[PDB]
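Okay, so here's the structure we're looking at.
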Amino acid sequence: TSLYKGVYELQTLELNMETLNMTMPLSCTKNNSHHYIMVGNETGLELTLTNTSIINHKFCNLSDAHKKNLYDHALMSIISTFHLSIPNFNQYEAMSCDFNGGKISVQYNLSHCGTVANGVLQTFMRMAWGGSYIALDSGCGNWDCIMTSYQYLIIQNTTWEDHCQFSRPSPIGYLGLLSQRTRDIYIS
Amino acid sequence: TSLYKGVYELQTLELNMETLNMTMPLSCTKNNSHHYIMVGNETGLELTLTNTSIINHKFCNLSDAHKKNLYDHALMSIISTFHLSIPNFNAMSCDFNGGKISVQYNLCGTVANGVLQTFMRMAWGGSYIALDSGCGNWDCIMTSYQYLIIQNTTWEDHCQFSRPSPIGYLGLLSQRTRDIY
Amino acid sequence: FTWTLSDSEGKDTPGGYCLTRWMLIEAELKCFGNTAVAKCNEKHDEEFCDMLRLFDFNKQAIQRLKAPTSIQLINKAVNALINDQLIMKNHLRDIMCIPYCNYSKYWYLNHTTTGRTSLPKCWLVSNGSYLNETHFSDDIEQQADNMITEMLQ
Amino acid sequence: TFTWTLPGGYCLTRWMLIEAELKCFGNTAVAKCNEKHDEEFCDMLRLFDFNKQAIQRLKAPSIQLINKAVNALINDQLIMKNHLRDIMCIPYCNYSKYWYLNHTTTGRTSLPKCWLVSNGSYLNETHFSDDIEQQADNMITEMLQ
Amino acid sequence: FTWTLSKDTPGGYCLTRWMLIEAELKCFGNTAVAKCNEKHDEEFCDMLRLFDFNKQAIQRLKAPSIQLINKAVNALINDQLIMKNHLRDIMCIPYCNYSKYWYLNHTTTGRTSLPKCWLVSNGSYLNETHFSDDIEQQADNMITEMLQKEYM
Amino acid sequence: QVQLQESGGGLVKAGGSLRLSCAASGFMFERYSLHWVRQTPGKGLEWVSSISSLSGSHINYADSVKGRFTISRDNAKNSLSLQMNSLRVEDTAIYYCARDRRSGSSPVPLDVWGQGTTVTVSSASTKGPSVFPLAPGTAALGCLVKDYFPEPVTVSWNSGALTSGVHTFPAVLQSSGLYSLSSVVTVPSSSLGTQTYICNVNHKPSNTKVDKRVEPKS
Amino acid sequence: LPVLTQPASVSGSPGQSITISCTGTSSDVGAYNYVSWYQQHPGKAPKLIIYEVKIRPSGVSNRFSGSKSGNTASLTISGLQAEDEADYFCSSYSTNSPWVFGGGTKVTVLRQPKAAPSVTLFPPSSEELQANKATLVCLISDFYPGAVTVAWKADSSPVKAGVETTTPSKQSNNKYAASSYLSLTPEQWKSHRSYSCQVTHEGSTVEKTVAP
Ligand SMILES: *[C@@H]1O[C@H](CO)[C@@H](O[C@@H]2O[C@H](CO)[C@@H](O[C@@H]3O[C@H](CO)[C@@H](O)[C@H](O[C@H]4O[C@H](CO)[C@@H](O)[C@H](O)[C@@H]4O[C@H]4O[C@H](CO)[C@@H](O)[C@H](O)[C@@H]4O)[C@@H]3O)[C@H](O)[C@H]2NC(C)=O)[C@H](O)[C@H]1NC(C)=O
Ligand SMILES: *[C@@H]1O[C@H](CO)[C@@H](O[C@@H]2O[C@H](CO)[C@@H](O[C@@H]3O[C@H](CO[C@H]4O[C@H](CO)[C@@H](O)[C@H](O)[C@@H]4O)[C@@H](O)[C@H](O[C@H]4O[C@H](CO)[C@@H](O)[C@H](O)[C@@H]4O)[C@@H]3O)[C@H](O)[C@H]2NC(C)=O)[C@H](O)[C@H]1NC(C)=O
Ligand SMILES: *[C@@H]1O[C@H](CO)[C@@H](O[C@@H]2O[C@H](CO)[C@@H](O[C@@H]3O[C@H](CO)[C@@H](O)[C@H](O[C@H]4O[C@H](CO)[C@@H](O)[C@H](O)[C@@H]4O)[C@@H]3O)[C@H](O)[C@H]2NC(C)=O)[C@H](O)[C@H]1NC(C)=O
Ligand SMILES: *[C@@H]1O[C@H](CO)[C@@H](O[C@@H]2O[C@H](CO)[C@@H](O[C@@H]3O[C@H](CO)[C@@H](O)[C@H](O[C@H]4O[C@H](CO)[C@@H](O)[C@H](O)[C@@H]4O)[C@@H]3O)[C@H](O)[C@H]2NC(C)=O)[C@H](O)[C@H]1NC(C)=O
Ligand SMILES: *[C@@H]1O[C@H](CO)[C@@H](O[C@@H]2O[C@H](CO)[C@@H](O[C@@H]3O[C@H](CO)[C@@H](O)[C@H](O)[C@@H]3O)[C@H](O)[C@H]2NC(C)=O)[C@H](O)[C@H]1NC(C)=O
Ligand SMILES: *[C@@H]1O[C@H](CO)[C@@H](O[C@@H]2O[C@H](CO)[C@@H](O[C@@H]3O[C@H](CO)[C@@H](O)[C@H](O)[C@@H]3O)[C@H](O)[C@H]2NC(C)=O)[C@H](O)[C@H]1NC(C)=O
Ligand SMILES: *[C@@H]1O[C@H](CO[C@@H]2O[C@@H](C)[C@@H](O)[C@@H](O)[C@@H]2O)[C@@H](O[C@@H]2O[C@H](CO)[C@@H](O)[C@H](O)[C@H]2NC(C)=O)[C@H](O)[C@H]1NC(C)=O
Ligand SMILES: *[C@@H]1O[C@H](CO)[C@@H](O[C@@H]2O[C@H](CO)[C@@H](O)[C@H](O)[C@H]2NC(C)=O)[C@H](O)[C@H]1NC(C)=O
Ligand SMILES: *[C@@H]1O[C@H](CO)[C@@H](O[C@@H]2O[C@H](CO)[C@@H](O)[C@H](O)[C@H]2NC(C)=O)[C@H](O)[C@H]1NC(C)=O
Ligand SMILES: *[C@@H]1O[C@H](CO)[C@@H](O[C@@H]2O[C@H](CO)[C@@H](O)[C@H](O)[C@H]2NC(C)=O)[C@H](O)[C@H]1NC(C)=O
Ligand SMILES: *[C@@H]1O[C@H](CO)[C@@H](O[C@@H]2O[C@H](CO)[C@@H](O)[C@H](O)[C@H]2NC(C)=O)[C@H](O)[C@H]1NC(C)=O
Ligand SMILES: *[C@@H]1O[C@H](CO)[C@@H](O[C@@H]2O[C@H](CO)[C@@H](O)[C@H](O)[C@H]2NC(C)=O)[C@H](O)[C@H]1NC(C)=O
Ligand SMILES: *[C@@H]1O[C@H](CO)[C@@H](O)[C@H](O)[C@H]1NC(C)=O
Ligand SMILES: *[C@@H]1O[C@H](CO)[C@@H](O)[C@H](O)[C@H]1NC(C)=O
Ligand SMILES: *[C@@H]1O[C@H](CO)[C@@H](O)[C@H](O)[C@H]1NC(C)=O
Ligand SMILES: *[C@@H]1O[C@H](CO)[C@@H](O)[C@H](O)[C@H]1NC(C)=O
Ligand SMILES: *[C@@H]1O[C@H](CO)[C@@H](O)[C@H](O)[C@H]1NC(C)=O
Ligand SMILES: *[C@@H]1O[C@H](CO)[C@@H](O)[C@H](O)[C@H]1NC(C)=O
Ligand SMILES: *[C@@H]1O[C@H](CO)[C@@H](O)[C@H](O)[C@H]1NC(C)=O
């Protein structure tokens, strides 16, 4: 196709990260509003950005959920790493959950630069490394001032389905946040 | 000036860390009692060691301060990493009314060591002038001052004893949340 | 990282690695020589090498272990397999709108007759679009110039 | 390790240095920065380059940025090394002053090693003279090849 | 890690009879220990930095010392090198438990290689046969070093 | 100093061929990639061709140039060459050679530019001009100097007596390959009667001197 | 034709801040962030004033700044100075070619009030038509800043072929003047009803029409 020095031919290759589904989670993107983190070939996690809210509570009962191991510890770990990676997290009233019956669901109210809405989108942008840029309109050239039009960021548990249309899955997203965990929080 | 092997001449260079003020914080030292961490060219933080105390409270209201984002998140971050870096923390008083952040620490192997231990690394520039028995002592570093107060201040050219440098703050980022009960 | 990768039972030479048809998307299996993959243990600045250790660890963990879902295992070997700061570099490049590597596509120089290939470097992407061959042509040139010197030794 | 990538040579402007003019270093010198992991001067170049690069390519409202690239720019354990030397009252590097060997005629310079300090006083040339000797002896071998 | 450790030559290291079990003191050449600062995947080098730091802390400080090590761990040893051996043990591969090492000592010259770890499988050290080819590449590399030195 | 210098510009017949060079001064020629950018004397810059660094394996051309130009380089000789063939009249421009590096990691822009070389394409020979009058509280009148070659022509009004309001425009190279310009003068409308206006076109290369009296329209 | 659309001219008083827009397609300006700006003084070669949209080479005054929004890049020159009066070009990476350049913009430091052009359209001469030739001379004079864009019409129909225009040359009064020509056959001349010359100067257009 294209030769260099007359003898060397330029060739390419594209890796299929879907193989790693058993050992590590894989993050991909469907459309502007929906993003996913697949942990296995059965269970998974859905990252959605919608103006429509699901949880009306203002309190997140974790201790009650921790007693009843109905949830999946794998999915509960990858959502635990997310919250710790959020920088400069101070107000907890914007965070609401609902772990009744094992169904894990967390909602972040983004209606409240250098705000709590940025930190959530900042961690979310790294988590869905595949196609996060489609979500933010002012992504390029903005770090602390990233913003959206959506009001809520909901994370729910879902079953595996072939919906990685916009971007192929990859673990690099989740891998990066493991080091960032518990490194930008204030004192309680 | 001084030649080696007859051809190679020994030369030196001194870096001006003041350039990095926009990207990272810079720690320097004025005199024995006053130390500074300047974030940018306008705001900053002052580390003072005095027998005179400022805060008489026994409680540090953090949840109330987090509701009102009057404070600067940058200064609140470099003060949060400080408290997390303090080893074996099991005497701490604050006052964040109206955005003005102010923390006071009431002072071997005690809580007074950990605070001075973290402070010594924080003001990497000229912290050694504060401690009298610093050299050869790690867990037994002590002073004569009774209180360590950290307040918010405006930038002024008061880096007389030691030049500013970020190396101090950078070192504490890894040590954070690694020696708590 | 400290993971040592090696293809046991590999026919051609010891130390090389082959990517199966399942490891690649819409492509047949591809093998790489020892001279190329040897740089993976030496250098710390290659994204493709980090993927090989992930694919090898994933393969190694599957055949030698009993799955119960096995998330704790990776959470401990992360730093021993990939270069965490190499992920940070690409994120900084994306934040500054520099062409960055999203770890999917790679490019290498394959000899038409000899068959010796270079270590595939990552194909950078800008605004969800891979760079044209022209925009990094000089990167290929230094690779082709380095391909000669390595064979010379 | 670190991964920041800083043709290939580096020049320190008159603003980067204090009471000194701009100084440039050859490719062969700065090439050691990517190879070796235990050089303080190289960590400063990546800090000055990251600070320079971030300024022109970004709009300041910026503390969160550095808090994520610290490990990707400098060697954290290299800072710990100097702190241990200070705690044990060994001459340590406070990252301010450096020394290098400049050829009077050729102009080739070595990678500037840190000038150690003990009790707020920089060491005399005599107290680390043998360090300069091994550097000058190594400078020849590089010049030969 | 960044710790720089340091009789006949400066830069070499000697392990006293107290540092070894049921053995006399052993010294290693400069060429060998220089690889410790170069390579990042050698267990023996991590032990040298531990023994040197332990020695350095004792003589240069006054014990009241767990906080000290809790800060220099990453600056002395390669933490992921420990993780490597744990993964090997978890997969029942012969791993290094950091106790025994093997090296090639010249009968006449006295130059030794950097001692590589003696792997163990199910609480039993591997026989010389089961890693003989590892010694061969070590002996073949030892020759190249002797040529590289005398060629210069 | 880092420099780049061109050579080979000149006059060439329509359909002929020309060879340009570009020499480096003060930098490692091999590492960088080189380009050719021509600038029409009265219009903006246009990229023509590019050559990759080291071995010139990656070559690019402009659609308006493809098949007619051929770029080449010699790293040892520090010379960049561009071969022109089937030259059209519209190819007349000032050709520059500039450097840059096409790297994904450390790219370099078109920082270093040469002084430029002027290339003119025209198959026409020495021909005299054809002066026509531009008959008119003030009115404008002038002379049209059309289809001459080569440059230049000098225009005066009333044998240099009239200077106020006179303006001679620069020449224009037409598609045929012959220059043309105009020289006008704004005078009071009342003066059109009493005053007599004559332009004095002089084309020394063809040994021609024409005097045309501009009279108002009948 | 220029790949990137640049304005004819932008002007400002000394000490003001003016901006030049470099509009491109989605395949060039929008695709990559490698946009470069060049300053070319009369007689000299283009000098790289800004590369990579907003990065400034060493030695270039901090008064020059770069921007980009979608398919349009913007070069802003704050604190205008007389030395800044020159022609400015823009370039960008492209999917089809390595570099694509813009038409170019002339920045004038207003040292005198803006002057509208004085258009005078001349019909073909009687002597010229007797030579089986016909040229329409459109005379643009006494305008400031020195940059216009002419357009020809034939019965309100735009004409492009056979049009040649000069660059604005300075007059004795420090004002500028330009000339445009429309060469056509005598058959074309008498064919159409009327021919027009549209001269656009700083957003305001002046038009003159002639008929056979
Ligand atoms: C790194 O960056 C690059 C560039 O930005 C990213 O590349 C893009 O990746 C996406 C995702 O694959 C890709 O989108 C595809 O376009 C194809 C057409 O060109 C589509 O055919 C394809 O859809 C199929 O796959 C989806 C995912 O599996 C399915 O959900 C979908 O239904 C399609 O499936 C086909 O096959 C089934 C089975 O037969 C059938 O039932 C269906 O009807 C359908 O026929 C994707 O939409 C882009 O084209 C890529 N862009 C480029 C420039 O290459 C890359 O993802 C990034 N890497 C990471 C890790 O983020
Ligand atoms: C650099 O470039 C070179 C040359 O372009 C590449 O080399 C070629 O690589 C391919 C793939 O590895 C080789 O193709 C394969 O040969 C295998 C062995 O061949 C047997 O079968 C043939 C049949 O005629 C017998 O003659 C022979 O004796 C062997 O018994 C096959 O098993 C492979 O087949 C599989 O794929 C095909 C589709 O391609 C299926 O239809 C089959 O069913 C089967 O699944 C395949 O045909 C090829 O021979 C190599 N050529 C040379 C000259 O070396 C390098 O791979 C490339 N480097 C990189 C890194 O890409
Ligand atoms: C690394 O160690 C060295 C040595 O211990 C250390 O150097 C010292 O830095 C200080 C701070 O600059 C120097 O003190 C100065 O002395 C000069 C006279 O020689 C004065 O003019 C200086 O004052 C000016 O600057 C002040 C700060 O801006 C102003 O407030 C003042 O008004 C003056 O304008 C200043 O007092 C000192 O001389 C050196 N010592 C040596 C031996 O060089 C260095 O700071 C350490 N690095 C770090 C990062 O801490
Ligand atoms: C903050 O408050 C503390 C506590 O009040 C204060 O520390 C005190 O400092 C004094 C003076 O340095 C110390 O007094 C000394 O005690 C030692 C024994 O511990 C004596 O040997 C000393 O005596 C010599 O010096 C005297 C003159 O000072 C001579 O008269 C005498 O003959 C000896 O030569 C001296 O008495 C005192 O012990 C400490 N207190 C504590 C609890 O450590 C500190 O100075 C205050 N700081 C400020 C800035 O105000
Ligand atoms: C999650 O990862 C596993 C393992 O990487 C994926 O499983 C693999 O699936 C493919 C296709 O079904 C298997 O390929 C097959 O190979 C056999 C020879 O052994 C051959 O008969 C066929 O070619 C067959 O398709 C592959 O063996 C299998 N790997 C393992 C270890 O079981 C799985 O598909 C991934 N999940 C998702 C949702 O992609
Ligand atoms: C915080 O950091 C910034 C950036 O590193 C420092 O700003 C720099 O200040 C110097 C001196 O004012 C500027 O130098 C100047 O260069 C121009 C040419 O561009 C020349 O006309 C003069 O020599 C002029 O002094 C430099 O450009 C500027 N850098 C940037 C990026 O704006 C600032 O001084 C630091 N803060 C403190 C308190 O030191
Ligand atoms: C510049 O690249 C485009 C597109 O590149 C294709 O897509 C990239 C994401 C990457 O995967 C490349 O390897 C691909 O080739 C080229 O346009 C394509 O040209 C090919 C071959 O002519 C054709 O098969 C595709 O359909 C084209 N796709 C599109 C979207 O146009 C383009 O030719 C390249 N330009 C140059 C000068 O090399
Ligand atoms: C992205 O894709 C998803 C899935 O195709 C869309 O999801 C659903 O939205 C519609 C309309 O609101 C509902 O009727 C469905 O019940 C939703 N399904 C699920 C599983 O939630 C989503 O609307 C798309 N978003 C965009 C912006 O295109
Ligand atoms: C979610 O709600 C917000 C706020 O109502 C919507 O944002 C507005 O978008 C319109 C059109 O672009 C603007 O005119 C308004 O100024 C925006 N409001 C604010 C507060 O910025 C947003 O479009 C909604 N998103 C969806 C998917 O419905
Ligand atoms: C270090 O310097 C500071 C500032 O120069 C000194 O602080 C001042 O001390 C005087 C006398 O107590 C007060 O009147 C001022 O109000 C203080 N200024 C501030 C900003 O607090 C300090 O005393 C010095 N300390 C030493 C040990 O020299
Ligand atoms: C090494 O020494 C040479 C000569 O003293 C230095 O070169 C001079 O540099 C200055 C400033 O850049 C120039 O004005 C002189 O013209 C140079 N002279 C020569 C002979 O080259 C060089 O800068 C020194 N190297 C370093 C790193 O300081
Ligand atoms: C390599 O072998 C030599 C010879 O067996 C060892 O050298 C002897 O060391 C002991 C104890 O240090 C001395 O008492 C002898 O005098 C030495 N003999 C000779 C001939 O040198 C040497 O120690 C061995 N090297 C190592 C690392 O064990
Ligand atoms: C997931 O994979 C396992 C093992 O390969 C298999 O037994 C199971 O049926 C798969 N589940 C689905 C939903 O494909
Ligand atoms: C989440 O898990 C719960 C409990 O296992 C289940 O009832 C619910 O259907 C799951 N969510 C989805 C979207 O399937
Ligand atoms: C989110 O916050 C806004 C502003 O405080 C409030 O009006 C809204 O009710 C909140 N939504 C939820 C679900 O808490
Ligand atoms: C801080 O720097 C900015 C930009 O250089 C400048 O505009 C501002 O005046 C500076 N503030 C102070 C207090 O010097
Ligand atoms: C500090 O502690 C001492 C001893 O407990 C006590 O006497 C003193 O009042 C305390 N000071 C403050 C400000 O709490
Ligand atoms: C600290 O901040 C508060 C509120 O911004 C301000 O009132 C106070 O003056 C600051 N402190 C100093 C020393 O300026
Ligand atoms: C990428 O560039 C295109 C070019 O116009 C722009 O429309 C788009 O918003 C940019 N970002 C994304 C995420 O597509």
Under 5 Å from the placed amide H of F:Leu144, counting only residues 5+ away or on other chains, we find F:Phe132, F:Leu134
Can you give me the Rg/Rh ratio for region G:1-99, using Cα atoms for both radii and the Kirkwood formula for Rh? 0.95
Just checking the output field for B:18-26: average partner chain Cβ neighbours within 10 Å of each residue's Cβ? 6
Per-residue mean of other chain beta-carbon atoms within 10 angstrom of the beta-carbon, peptide C:44-51? 3
To the nearest 0.05, how large is the calculated FRET efficiency for E:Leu147 and E:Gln67 if R₀ is 51 Å and r is the Cβ-Cβ distance? 0.60
Count neighbours as other Cβ atoms within 10 Å of each site's Cβ, and list the trypsin sites (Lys or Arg not before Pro) in region C:29-64 that are DSSP loop with at most 14 such neighbours. C:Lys43
Least to most buried among E:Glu24, C:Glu141, D:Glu133, F:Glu30, by other C-beta atoms within 10 Å and fewest first, runs E:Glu24, D:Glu133, F:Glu30, C:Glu141
Using the Karplus equation 6.51 cos²θ - 1.76 cosθ + 1.60 (θ = phi - 60°), what ³J(HN,Hα) coupling, rounded to whole Hz, does each residue of region F:172-182 give in order, writing x for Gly and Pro? 10, 7, 7, 4, 6, x, 10, 6, 7, 8, 9
At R0 = 56 Å, FRET efficiency that the Cβ-Cβ distance of C:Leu24 and E:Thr107 yields, to 0.05: 0.60
Counting only backbone N atoms under 17 Å from a point 7 Å out along Cα-to-Cβ of G:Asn174, the residues of region G:69-86 in range are G:81-86
So how do E:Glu22, B:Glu9 line up by other beta-carbon neighbours within 10 Å, fewest first? E:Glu22, B:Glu9
Diffusion coefficient in µm²/s returned for chain F by Stokes-Einstein, Kirkwood Rh over C-alpha pairs, 4 °C and 1.567 mPa s, is 64 µm²/s
From the backbone phi of region B:168-178, what are the Karplus-calculated ³J(HN,Hα) couplings (6.51 cos²θ - 1.76 cosθ + 1.60, θ = phi - 60°) in whole Hz, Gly and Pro given as x? x, 4, 4, x, 6, 5, 6, 5, 4, 6, 10
Which of rounded, prolate, oblate describes region B:23-181, given a ≥ b ≥ c as roots of the alpha-carbon gyration tensor eigenvalues and a/c under 1.5 marking rounded, otherwise prolate only if a/b is larger than b/c? rounded
Based on the alpha-carbon gyration tensor of region G:118-210 and its eigenvalue square roots a ≥ b ≥ c, which shape applies: rounded if a/c is under 1.5, prolate if not and a/b is larger than b/c, or oblate? prolate
Need one number: % antiparallel among DSSP beta bridges in region A:23-188, to the nearest 5. 95 percent
Would you mind computing, in nm to one decimal, how far apart the modelled labels at D:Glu133 and E:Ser6 are, each placed 7 Å from Cα along Cα→Cβ? 1.2 nm
Sorted by Cβ neighbour density within 10 Å, fewest at the top, the residues B:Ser133, F:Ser183: B:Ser133, F:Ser183
Name the chymotrypsin sites (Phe, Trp or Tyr not before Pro) in region A:3-69 that are in a loop by DSSP and that have at most 12 other C-beta atoms within 10 Å, would you? A:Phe59
Quick one: what do you get for the protein assembly as shown if you divide its Cα Rg by 2.2 N^0.38 Å? 1.12
Which whole-angstrom value gives the distance between the alpha carbon centres of region A:1-34 and region G:22-77? 33 Å
Amide hydrogen neighbours beyond the local backbone of B:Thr153, cut-off 5 Å, H modeled: B:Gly44, B:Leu45, B:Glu46
Can you give the calculated 222 nm mean residue ellipticity of chain D, where each DSSP H run of n ≥ 4 adds -39,500 (n - 2.57) and the sum is split over every residue, rounded to the nearest 500 deg cm²/dmol? -14500 deg cm²/dmol
Please work out the FRET efficiency for the pair B:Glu156 and E:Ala34, using the Cβ-Cβ distance as r and a Förster radius of 56 Å; give the result to the nearest 0.05. 0.70
Between C:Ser118 and residues 5 or more places away or on another chain, the pairs with built amide H atoms under 5 Å apart involve C:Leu109
Taking a virtual spin label 7 Å from the Cα of G:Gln112 along the C-beta vector, which residues in region G:160-181 bring their backbone nitrogen under 13 Å of it? G:169-177
The protein assembly as shown: antiparallel bridges as % of DSSP beta bridges, rounded to 5, reads 95 percent
How many nm separate the modelled label positions at B:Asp132 and E:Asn54, each set 7 Å beyond the Cα in the direction of the Cβ? 3.6 nm
Residue-wise, which Karplus ³J(HN,Hα) couplings in Hz belong to region D:28-38, taking 6.51 cos²θ - 1.76 cosθ + 1.60, θ = phi - 60°, and x for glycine or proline? 4, 6, 5, 4, 5, 4, 6, 6, 6, 10, 10
How big is Rg to Rh over region F:1-88, alpha-carbon atoms, Rh as the Kirkwood inverse-mean-distance radius? 0.96
Can you give the mean number of other chain Cβ atoms that lie within 10 Å of the Cβ atoms in peptide B:138-150? 2
Return the calculated 222 nm mean residue ellipticity for chain F, to the nearest 500 deg cm²/dmol, obtained by summing -39500 (n - 2.57) across DSSP H runs with n ≥ 4 and dividing by the residue count. -500 deg cm²/dmol
Please work out the Cα convex hull volume for chain G and give it in Å³ per residue. 149 Å³
Translational diffusion coefficient of region F:124-218 at 20 °C, 1.002 mPa s, Stokes-Einstein with Kirkwood Rh over Cα pairs, in µm²/s as a whole number. 157 µm²/s
Enter the Cα centre distance for the pair region F:67-102 and region E:126-144, rounded to the nearest angstrom. 59 Å
In whole µm²/s, the translational diffusion coefficient that Stokes-Einstein assigns to chain C, given a Kirkwood hydrodynamic radius over C-alpha pairs, 37 °C and 0.692 mPa s, equals 192 µm²/s
Between the alpha carbon centres of region F:151-214 and region D:5-62 the gap in Å comes to 63 Å
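Every number in this text was worked out from the coordinates using simple rules, so none of it is lab data. Quick reminder, even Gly has a Cβ in these numbers, built from the backbone with ideal geometry, and neighbours come from all protein chains shown.
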